[PDB]
Amino acid sequence: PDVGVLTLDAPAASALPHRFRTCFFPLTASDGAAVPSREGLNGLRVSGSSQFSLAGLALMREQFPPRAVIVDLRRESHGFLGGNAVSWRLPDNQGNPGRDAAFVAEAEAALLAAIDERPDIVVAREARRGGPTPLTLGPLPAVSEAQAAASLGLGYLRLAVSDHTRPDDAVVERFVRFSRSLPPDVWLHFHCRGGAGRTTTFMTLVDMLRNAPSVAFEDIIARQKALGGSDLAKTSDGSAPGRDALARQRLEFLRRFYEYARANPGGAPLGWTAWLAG
Amino acid sequence: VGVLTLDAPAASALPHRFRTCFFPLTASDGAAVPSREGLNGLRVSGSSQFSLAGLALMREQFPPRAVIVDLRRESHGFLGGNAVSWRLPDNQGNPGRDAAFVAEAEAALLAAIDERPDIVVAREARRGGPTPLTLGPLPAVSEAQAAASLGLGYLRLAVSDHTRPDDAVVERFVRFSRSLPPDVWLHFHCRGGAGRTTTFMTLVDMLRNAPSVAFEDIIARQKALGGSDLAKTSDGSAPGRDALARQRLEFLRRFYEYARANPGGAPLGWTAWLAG
């Protein structure tokens, strides 16, 4: 089976990851662009980013509140080689297709163990990340993000979400139950590879779980973009019907979730699965 | 697979053998207090296996940036608030396997009891037995997820009960220790809070204090804090267990020597030092 091209997500020298934002980040009105509703946004105890280097994680920790949790949304196998964030990229970044976080953790641990402290590990670089010339790295220590988070005293939760896709119903169920289990002081920092579709989706889910009964759907979508996320409602001008007709299923899900969070504020009395069955 | 056994009932609060490096030692008439030098500043605590309520209680007094360090090689997790595990003979579950493998095998076992009725769970005499419990349907979660739900760090290191840690586990732990910022607190636990928890609290002690504190005082103070006596043996009633305890002591003195030569785990790692 194809395990993917070992690819660079973030060089070790990178600091704050791209698309980093917290729910306290500014939304500023422009002449021809009004600010969406701010109601309930600041109190969400949530932030997000793209994939960070180890140094980027240590920098972010300087501003994380107590009892912060890194929520890793990547279904693809990934980790760190030295300070570098690296991943195994299948076509369209569909690593570990359909597999849950428990499988992903072991598969990725096996791949990281194979590059741990080996010289001459060749790491592909996308054109957008300083390529196309690959990097040759090693011998460097290879660690999972779970270990990186633990080494900083940070919580860590893995949820397997395929890039460019909505979360599976089983992941949404697990996340709602996780959200309900949290004491009031726990902060969630979401990340994926790019900090766009997946991170923005889950920050939106957190937003809806608190604010769906009192804030309009389009304002929640709009403000997660304005904070620094991606636009979950945007489409191309027709240049990419597939990519456009893929955000479609995700937007349908987000409205299905918005309705659920209005019927079950905070995820209660019914969970996601039950509500769907009803 | 192992016998599904209870580690801690959901109703249990503070786990047994809970202690921090700030806990009192205290002098008795016929039992002197060992050296306290370097003990309070170790940023370490330990306990036996906790329930979910017990973890939440302990979190009330954990410092910022605390890590649960789970030393259990055996598969285990939570059924509702109850801590449960799958016990092999003498608790030798997942023999020779590393943390990554244990987590996946463990995940499948927990999934098999998640929200399922009529789960029979054995209870040892020292844990409310011999009569078992029947539980379910209750949610099953890993300790990794329980820690995350509280905003606590989590590290799994696979150590066999009643045994010393393998060299690969020691190497991983020393590298982990060196990677820590100064403010990170470690809370170790195993099943009973005795042998394995006390061994790793001792390793943390040695990594900071081996150059300045006598080997026997480190062993003695980890016992006096609330840990087990790593120097103890039976009166002849348990020669097999005594053999393991001595070999564990051989390793601890071998580690003590490593930590005087490489304070804090530097310049040489454990495997590197062994190779020389």
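Residues numbered from 1 in each chain as written, not as in the entry; some residues may be left out. Chains lettered and ligands numbered in written order. Heavy atoms only, no water. Residues with missing side-chain atoms left out of burial classes, pairs and counts.

If you check the header, you'll see the entry was determined by X-ray crystallography and the resolution is listed as 1.75 Å.

As annotated in the PDB entry, chain B carries the name Myo-inositol phosphohydrolase and is attributed to Desulfovibrio magneticus. For this entry, the PDB record gives the title as "Structure of the PTP-like myo-inositol phosphatase from Desulfovibrio magneticus (high salt)".

The name that the PDB entry assigns to chain A is Myo-inositol phosphohydrolase, with the source organism given as Desulfovibrio magneticus.

A.B. asks: Describe the overall build of chain B, with residues and values.
C.D. replies: Helix and strand content of chain B: eight helices and 11 strands. With the principal axes as the frame, chain B shows a C-alpha extent of 55 × 40 × 35 Å. A sequence separation of at least 24 residues applies to 75% of the contacts in chain B between residues at least 6 apart. (Helix = DSSP H or I, 4+ residues; strand = E, 2+ residues; numbered from the N terminus. Contact = heavy atoms within 4.5 Å.)

A.B. asks: Tell me what's going on with the nonpolar core, and back it up with residues and numbers.
C.D. replies: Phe188 and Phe255 of chain B are the most contacted members of the largest nonpolar core, which totals 59 residues. Among the elements that take part in this core, helix α7 (residues 239-261) of chain B stands out by supplying seven residues, more than any other. Other than its neighbours up to four places away in sequence, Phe188 of chain B contacts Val44, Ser45, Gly46, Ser47, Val69, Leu71, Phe173, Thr197, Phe200, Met201 and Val204 of chain B. Core analysis: the second largest hydrophobic core is formed by 57 residues, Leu44, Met60, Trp187 and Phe253 of chain A among them. (Core = buried A, V, L, I, M, F, W, Y, C linked by side-chain atoms within 4.5 Å. Buried < 20%, exposed > 50% of the residue type's maximum accessible area, 1.4 Å probe, protein only.)

A.B. asks: Could you give me a rundown of the UniProt feature "binding site: 1D-myo-inositol hexakisphosphate" (unreviewed entry) in chain A, with the residues and numbers involved?
C.D. replies: Residue and element names in this part refer to chain A. Within the UniProt annotation, "binding site: 1D-myo-inositol hexakisphosphate" (unreviewed entry) is assigned to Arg19, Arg129, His164, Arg193, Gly194, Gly195, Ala196, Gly197, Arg198 and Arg250. With the annotated positions falling across 232 residues, the maximum pairwise C-alpha distance of 26.8 Å shows that they are not confined to a single cluster. If we skip the residues at most four places from it in the chain, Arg19 touches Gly48, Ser49, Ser50, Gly194, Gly195, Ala196, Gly228, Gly229 and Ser230. Within the structure, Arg19 has its side chain in polar contact with the backbone oxygen of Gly228 (distance 3.1 Å). One can find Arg193 in the loop between β11 (187-191) and α5 (197-211). Within the local environment of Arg193, its side chain forms a polar contact with the side chain of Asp9, the two groups lying 3.4 Å apart. (UniProt positions renumbered as here; feature names shortened; annotations may be inferred. Polar contact = N/O pair within 3.5 Å; in protein donor to acceptor, adjacent residues only side chain to side chain.)

A.B. asks: I'd like a description of the pattern of salt bridges, backed by residues and values.
C.D. replies: Here the structure, examined in full by the defined rule, presents 33 salt bridges over all chains. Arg59 of chain B is the partner of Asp185 of chain A in a salt bridge, and the nearest nitrogen-oxygen pair spans 3.0 Å. Linking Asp185 of chain A in the loop between α4 (169-181) and β11 with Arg59 of chain B in helix α1 (residues 52-59), this pair reaches from one chain into another. In this structure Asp185 of chain A comes out as partly exposed when scored by relative accessible area, which is 32%. A relative accessible area of 13% places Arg59 of chain B in the buried class. Notably, a salt bridge pairs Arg87 of chain B with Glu124 of chain B, separated by 3.7 Å at the nearest N-O pair. Of the two residues, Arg87 of chain B is situated in strand β6 (residues 82-87) and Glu124 of chain B in the loop between β7 (119-121) and β8 (133-135); the sequence distance between them amounts to 37 residues. With a relative accessible area of 18%, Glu124 of chain B lands in the buried category. Residues joined in a network through salt bridges with shared partners are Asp7, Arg72, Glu74, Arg87, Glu124, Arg126, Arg127, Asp161, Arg191 and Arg196 of chain B. (Salt bridge = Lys/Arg side-chain N within 4 Å of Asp/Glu carboxyl O.)

A.B. asks: A description of the UniProt feature "binding site: 1D-myo-inositol hexakisphosphate" (unreviewed entry) in chain B should follow, citing residues and the corresponding values.
C.D. replies: Residues and elements named next belong to chain B. Residues annotated in UniProt with the feature "binding site: 1D-myo-inositol hexakisphosphate" (unreviewed entry) correspond here to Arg17, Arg127, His162, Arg191, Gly192, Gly193, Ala194, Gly195, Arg196 and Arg248. Tracing the backbone through its elements, the reader meets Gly192 in the loop between β11 (185-189) and α5 (195-209). In this view, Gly192 contacts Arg17, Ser48 and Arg127; residues no more than four positions away in its chain are not counted. Inspection of the secondary structure puts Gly195 in helix α5. If we skip the residues at most four places from it in the chain, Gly195 touches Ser228, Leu230 and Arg248.

A.B. asks: Kindly report on the interface of chain A and chain B, identifying the contributing residues and their values.
C.D. replies: The interface is formed by 31 residues belonging to chain A together with 31 residues belonging to chain B. Counting each side, the surface lost to burial between chain A and chain B is near 2200 Å², with a carbon and sulfur contribution of 49%. Here chain A and chain B share three salt bridges between them. Here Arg61 of chain A makes a salt bridge to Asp183 of chain B, at a shortest N to O gap of 3.0 Å. Of all elements in the fold, only β4 (68-74), α2 (101-115), α3 (145-151), β10 (155-161) and α4 of chain A reach the threshold of two or more residues within the side of chain A that touches chain B. Grouping the constituent residues of the side of chain A that touches chain B by class yields 19 nonpolar, five polar and seven charged. (Buried area = accessible area lost by both parts, 1.4 Å probe. Nonpolar A, V, L, I, M, F, W, Y, C, P; charged D, E, K, R; others polar.)

A.B. asks: Please give an account of the layout of surface pockets that cites residues and values.
C.D. replies: Residue and element names in this part refer to chain B. Volume-wise, the second largest pocket comes out at about 940 Å³. What lines the second largest pocket is a set of 38 residues, among which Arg17, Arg126, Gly192, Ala194 and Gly195 lie closest to the centre. Only β1 (3-8), α5 and α7 provide two or more residues apiece to the lining of the second largest pocket. Counting residues per element, the lining of the second largest pocket draws most heavily on α7, which supplies five residues. (1 Å grid on protein atoms, 1.4 Å probe; cavity = no way out; pocket = protein on both sides within 12 Å on 5 of 7 lines; lining within 4 Å. Points joined across faces, edges and corners; volume = space filled by probe spheres on them.)

A.B. asks: Could you give me a rundown of the packing of helix α6 (residues 217-227) of chain A against helix α7 (residues 241-263) of chain A, with the residues and numbers involved?
C.D. replies: Residues and elements named next belong to chain A. At a closest axis distance of 11 Å, the pairing of α6 and α7 adopts a crossing angle of 120°. Of the possible angle classes, the one that applies to α6 and α7 is oblique. As for how α6 packs across α7, the hand of that crossing is right-handed. Along its contact with α6, which presents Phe217, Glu218, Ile220 and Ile221, the element α7 presents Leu251, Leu254, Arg255 and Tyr258. Looking at side-chain class alone, the contact of α6 with α7 contains six nonpolar, no polar and two charged residues. (Axes fitted to C-alpha atoms, helices over the stretch in contact; angles between N-to-C directions. Parallel < 35°, antiparallel > 145°, perpendicular 65-115°, else oblique. Left-handed = near helix turned anticlockwise from the far one by under 90°.)

A.B. asks: Account for the packing of aromatic side chains, with residues named and values stated.
C.D. replies: Residue and element names in this part refer to chain A. Counting across every chain of the model gives 27 aromatic pairs over all chains. On the numbers, 5.7 Å between centres and 40° between planes, the contact of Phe190 with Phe202 is tilted. Taken together, the positions of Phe190 in strand β11 and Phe202 in helix α5 put the pair 12 residues apart, joining distant regions of the chain. Residue class for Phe202 comes out buried when judged on its relative accessible area of 0%. An aromatic cluster of three or more residues is present, and its members are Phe253, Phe257, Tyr260, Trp272 and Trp275. The residue whose ring lies beneath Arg99 is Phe103, and the NZ or CZ to ring-centre distance is 4.2 Å. (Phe/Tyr/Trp six-rings, centres within 6.5 Å; stacked < 30°, edge-to-face > 60°. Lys NZ or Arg CZ within 6 Å of the ring centre and 35° of its normal.)

A.B. asks: Describe the state of the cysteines, listing the residues and the values that go with them.
C.D. replies: Evaluated as defined, the whole model comprises zero disulfides over all chains. For the unlinked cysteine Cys21 of chain B, the closest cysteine sulfur is that of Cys190 of chain B, found at 17 Å. (Disulfide = S-S within 2.5 Å.)

A.B. asks: Go over the packing of α4 of chain A against α5 of chain A, please, and point to the residues and values.
C.D. replies: All names here are of chain A. Where α4 meets α5, the closest approach of the two axes is 12 Å, and the angle between their N-to-C directions is 50°. By the angle between their directions, the pair α4 and α5 is classed as oblique. For the pair α4 and α5, the sense of crossing is right-handed. Taken together, the residues of α5 that come into contact with α4 (itself represented by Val171, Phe175 and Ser179) are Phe202, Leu205, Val206 and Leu209. Across the contact of α4 with α5, the residue classes tally to six nonpolar, one polar and no charged.

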